[PDB]
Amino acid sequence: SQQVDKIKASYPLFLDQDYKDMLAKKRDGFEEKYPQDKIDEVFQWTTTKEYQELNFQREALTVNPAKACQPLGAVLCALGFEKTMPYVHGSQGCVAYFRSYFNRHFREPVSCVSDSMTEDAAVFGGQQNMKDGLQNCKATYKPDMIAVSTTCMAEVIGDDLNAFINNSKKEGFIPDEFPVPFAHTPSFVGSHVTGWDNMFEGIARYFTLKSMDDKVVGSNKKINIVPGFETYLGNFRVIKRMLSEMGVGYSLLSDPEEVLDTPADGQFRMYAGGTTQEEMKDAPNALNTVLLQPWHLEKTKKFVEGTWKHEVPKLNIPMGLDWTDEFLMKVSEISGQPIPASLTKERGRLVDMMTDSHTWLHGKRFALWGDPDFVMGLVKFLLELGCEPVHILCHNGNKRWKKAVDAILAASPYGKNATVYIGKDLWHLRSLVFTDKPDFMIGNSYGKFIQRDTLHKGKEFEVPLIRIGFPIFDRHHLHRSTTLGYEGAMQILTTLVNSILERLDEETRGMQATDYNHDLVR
């Protein structure tokens, strides 16, 4: 039933007695459900060290991964180029998923096409799909560039992207001059971040490999910035802002911040902003190239060093205090521009906030996950805050990266109780937060189910989620946030300390029981 002036959606409608009774009858009549005592028994077992050890012995089963597949990253990379249509050669089901995944995180349109290869292409390959697809895409959506990646069908069948694109041009489906950079992006190798690296290196090759003869390193007086797979708008923005404040000439290569934040003013803008084709063509003339997320830009790095002859500096992601300092100092060295008074003051404001909030942060224990560069930067900043990053999970991490993070942990007393996990998933993480309970999780929206599981054991075992990463689907507009630079550090610090204080307020809200410590001032 409904009362018209207070209509109930599913919650709390289905808590009405009639619905409750109905659901009980469905269960008892037809579901042959395990008894509640058995459900409780098994649940309790899944929180144990015994279960954890079985869980960590998995070789074949993955449960609740913390990674996605290559072409997702290729699409994101492509979106950052001016009037560029991402195009995934292969199966259309993939593109519906890539678009929806990003739609839900950014709350924005996400434009991407497929060439709709079907079962029939297993005999003859996807050449005709490429020919008609490129022609159709160019005519219908009027991009100035089409950036081509692949789905796993196309990789398994073995379609030669290069030959297919060349033949599309030769047979007149698109003009010779129309830019069609490409990358093979197999979903069964690496992860979404690898797809970004592959796509970017493909675009870089397209615009520069055959035109190197006229290039002089340093001649355009700029620094190239390659952001990698990045889903916070504030991160593209903060890097541009800091470089502008410093008077440093730069080119941000892959910059989707305009197309992922168009105004609602009565028109839909399929394309906005982005890195220009000329910025890619002219990039070898830069003083150097800086990689913001080096642990998923290794292929890009080899091309930039081997072909552009740029001496790519050894810089960590610019997250936290020390690594933002190091980034700015290196940029100063490369450009000849001093670090300006404005950034020095901003730095000191971050340090002020650290001094103000250190007492609530000290010794707080975190479980966290994400992509390799994000995770190591978060780990570094947590150590700077006097926090303990006890469970560090990077599903798509590698052994070399893990060694690097282990060394960072060894450099600080706050790393003593920390372990780094690679190739492990959120079902593994779930066990760790039961058996070695931290104070909080820092992760993406898939963490909410771990919080739910921990509360079910009891309020005293609940591990609240702090949402930082990708994807965040269950809060609005957190994609506008910043994690890089002093600005990002100030945002992360504020989020962490207030999450701590919110939880403490919850635990001390009990009248005459715990509210002796429900302080007005903290």
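Start at 1 with the first residue shown and count on from there. Between two forms, the rigid core is the largest collection of C-alphas that superpose within 1.5 Å.
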When the core is superposed, where do the C-alphas shift more in 4 other deposited structures of this protein: in 115-123 or in 83-91? 115-123
Please compare 463-471 with 37-45 and say which has the higher mean C-alpha temperature factor in the record. 37-45
Would you mind comparing 160-168 and 383-391 for me and telling me which has the higher average C-alpha temperature factor in the entry? 160-168
Return the residue from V312, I203, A74, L260 that has the highest Cα B-factor in the entry. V312
Which of these, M376, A367, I450, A407, has its C-alpha atom at the highest B-factor, as the entry lists it? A407
Ranking the modelled residues of this chain by C-alpha B-factor as given in the entry, is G458 in the lowest, middle or highest third? middle
Among the chain's modelled residues, which third holds the C-alpha B-factor of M117? middle
For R347, does the deposited CA B-factor place it in the lowest, middle or highest third of the chain? middle
Going by the entry, which third of its chain does the Cα temperature factor of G274 land in? middle
Lowest, middle or highest third: where is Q17 by Cα B-factor in its chain? highest
